[PDB]
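Trainee: Sharing a structure, written as structure tokens. Questions coming.
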Amino acid sequence: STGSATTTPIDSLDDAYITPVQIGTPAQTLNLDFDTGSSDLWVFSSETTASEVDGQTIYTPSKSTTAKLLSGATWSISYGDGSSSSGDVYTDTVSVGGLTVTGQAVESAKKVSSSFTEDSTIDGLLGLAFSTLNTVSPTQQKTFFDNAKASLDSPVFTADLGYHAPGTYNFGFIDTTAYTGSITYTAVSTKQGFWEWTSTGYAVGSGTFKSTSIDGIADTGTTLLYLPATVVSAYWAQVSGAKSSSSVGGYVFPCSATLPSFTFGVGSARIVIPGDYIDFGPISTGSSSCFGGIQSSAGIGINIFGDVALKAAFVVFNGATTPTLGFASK
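According to the authors' numbering, the sequence shown is numbered sequentially starting from 1.
Here is the structure:
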């Protein structure tokens with residue numbers, strides 16, 4: 001089997017991407033944030049504290065003939081941005097782009113933190129990291145990809161995110177029309193539960209390539225590119241007037257600037273992020289200070305190849321027995 005679904009930016013900055021997912025019988029379609037950096041599928045629901053729902057579409061398990069309470073199971077998760085959610089668990093039928101999983105754990109939120117409430121465009125998350133990170137207790141649950149793997153034509157999914165435009169998540173096949181050149185595959189460590197790999201270096205604009213190993217995660221659920229402070233300083237040094245602001249919380253630059261590209265290495269291959277992809281707009285409405293899309297990872301504990309980097313590539317998440325990542329230009 002295969003599946004193919006379009007993913008759409010939630011706003012004009014590509015702050016996140018939403019993909020329609022069918023849950024239950026008859027189908028209830030919710031727009032979920034596909035997150036290769038976490039492993040829970042959770043939804044706003046009829047159980048979510050009413051004051052914490054503000055425009056989201058909810059899953060109502062009582063209206064699904066295929067929903068079954070997973071008795072005793074609870075979940076609770078906190079994300080790298082300080083947001084969090086928790087609740088109980090049902091199993092139900094979940095389909096993404098024509099690909100159906102029966103018995104998928106659907107984690108129903110009883111509580112969500114303010115950032116989720118305040119974002120009316122995201123109805124929940126669909127985690128695509130390794131199932132060892134799933135938070136359901138006392139019985140850990142598998143991701144949608146893990147459940148579907150055995151049925152897929154090939155045990156892979158691909159992320160093809162758009163710049164200021166929709167893109168595609170495919171399951172079970174590699175669309176050879178979606179990229180240029182060849183796909184370069186690179187080794188993955190699953191030891192932290194992430195799609196963790198090692199970049200071979202970077203360049204800033206037309207500058208020379210610096211060969212240096214950068215360990216990080218391919219994370220579709222993180223907006224920006226978070227790299228070591230040395231790398232980030234080298235990039236922003238090429239933008240007149242750019243500076244790190246503690247009051248804003250990262251590098252800002254004059255909105256009048258033209259940003260240089262940023263290249264990252266995948267083995268001997270090179271992925272080029274155009275400068276425009278690094279512009280996240282005024283820090284506040286009408287400001288002439290703009291927020292940068294490449295930021296320091298120093299406060300995180302891990303480097304994050306988020307959407308800013310991934311949207312410059314066609315990305316293969318290969319879930320074969322020994323997982324690997326593939327990157328192609330497009």
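Even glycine gets a Cβ: it sits at the ideal position worked out from N, Cα and C.
Excluding sequence positions up to five away, which residues of its chain have a Cβ less than 8 Å from the Cβ of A242?
Mentor: Correct list, in chain order: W236, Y251, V252, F253, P254, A257, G292.
Trainee: As a quick exercise: from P228, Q141, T100, pick the residue whose alpha carbon is nearest that of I300.
Mentor: The shortest C-alpha separation from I300 is found at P228.
Trainee: Counting Cβ pairs closer than 8 Å, one from the region 14-33 and one from the region 218-225, do we hit at least three?
Mentor: Touching, yes.
Trainee: Less than 8 Å between the CB atoms is what I'm expecting for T48 and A109, so what's the real figure, rounded?
Mentor: Indeed, because the Cβ distance is near 5 Å, the residues count as touching under 8 Å.
Trainee: Roughly how many angstroms separate the alpha carbons of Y90 and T74, rounded to a whole number?
Mentor: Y90 and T74: Cα-Cα distance of roughly 10 Å.
Trainee: Which word fits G181, buried or exposed, when buried means at least 16 other C-beta atoms lie within 10 angstroms of its C-beta?
Mentor: By the neighbour-count rule (16 or more Cβ atoms within 10 Å), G181 is not buried but exposed.
Trainee: Pick from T176, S189, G193: whose alpha carbon is nearest that of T143?
Mentor: Here the closest residue by C-alpha is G193.
Trainee: Distance check for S84 and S113, CA to CA, integer angstroms please.
Mentor: Rounded to whole angstroms, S113 to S84 spans 5 Å at the Cα level.
Trainee: How many Å lie between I77 and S86 at the Cα?
Mentor: Using only the alpha carbons, I get a separation of about 6 Å.
Trainee: Grab me the residues of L30's own chain with a C-beta within less than 7 Å of its C-beta, minus the 5 sequence neighbours each way, in chain order.
Mentor: Cβ within range, chain order: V21, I23, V43, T57, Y59, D123, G124.
Trainee: Pairing CB atoms from the region 184-198 with CB atoms from the region 317-327, are three or more of them under 8 Å?
Mentor: At 8 Å Cβ cutoff, the stretches touch.
Trainee: Are there 16 or more other CB atoms within 10 angstroms of the CB of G286, so buried, or fewer, so exposed?
Mentor: By the neighbour-count rule (16 or more Cβ atoms within 10 Å), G286 is not buried but exposed.
Trainee: Would you call the CB atoms of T19 and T2 closer than 9 Å?
Mentor: Going by C-beta atoms, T19 is not nearer than 9 Å to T2.
Trainee: Rounded to whole angstroms, how far is the Cβ of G265 from the Cβ of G205, which I believe are closer than 8 Å?
Mentor: That belief does not hold up - the Cβ atoms of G265 and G205 are roughly 15 Å apart, past 8 Å.
Trainee: I need the boundaries of the alpha helix (DSSP H) containing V94, first residue and last residue.
Mentor: No alpha helix (DSSP H) contains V94, which is instead part of the beta strand (DSSP E) from 84-96.
Trainee: Apart from the five residues just before and just after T117, which ones in its own chain have a Cβ nearer than 6 Å to its Cβ?
Mentor: Here the set comprises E52, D54.
Trainee: Per the DSSP calculation, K111 is bridged to which residue(s)?
Mentor: The partner list for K111 (beta bridge, DSSP) reads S86.
Trainee: Could you pull the DSSP bridge partners for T8 from this structure?
Mentor: Beta-bridge pairing links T8 to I18.
Trainee: Given the structure, does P26 come close to the ligand MN, in the sense that its CB is under 8 Å from one of the ligand's heavy atoms?
Mentor: No copy of the ligand MN appears in this structure; indeed no ligand is present at all.
Trainee: Between which two residues does the beta strand (DSSP E) harbouring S151 extend?
Mentor: Element bounds for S151: n/a, residue is neither H nor E.
Trainee: Going by DSSP, what residues sit across from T74 in a beta bridge?
Mentor: Its beta-bridge partners are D88, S137.
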